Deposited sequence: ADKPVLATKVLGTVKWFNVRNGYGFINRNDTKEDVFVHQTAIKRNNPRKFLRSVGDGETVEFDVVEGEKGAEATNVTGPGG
């Protein structure tokens, strides 16, 4: 819910489409942030990002820790 950062750039460490989640390493802090499938903006569809992709996102405080939201391409 609470927004912790906007317009953050990061690289997908891994994203597993069977479990519907993965992690993004933030470029500004080098910390991993959790990314759930629901947090990825709209892309025969499978909501997902690829290992090694650079993405742009917001960081919010979730129940179990910091997580990415509004995940998109960097433009």
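So, counting the deposited sequence from position 1, which segments are absent from the coordinates? Sequence ranges with no C-alpha atoms are 1-2, 46-48, 81.
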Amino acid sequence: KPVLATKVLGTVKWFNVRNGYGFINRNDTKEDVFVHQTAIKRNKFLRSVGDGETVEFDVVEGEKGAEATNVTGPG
From here on, numbers count along this sequence of modelled residues.
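Would you tell me which stretch averages the higher CA B-factor in the PDB entry, 11-19 or 59-67? Mean C-alpha B-factor is greater for 59-67.
Of 45-53 and 22-30, which one has the bigger average CA B-factor? Looking at the recorded C-alpha B-factors, 45-53 comes out higher on average.
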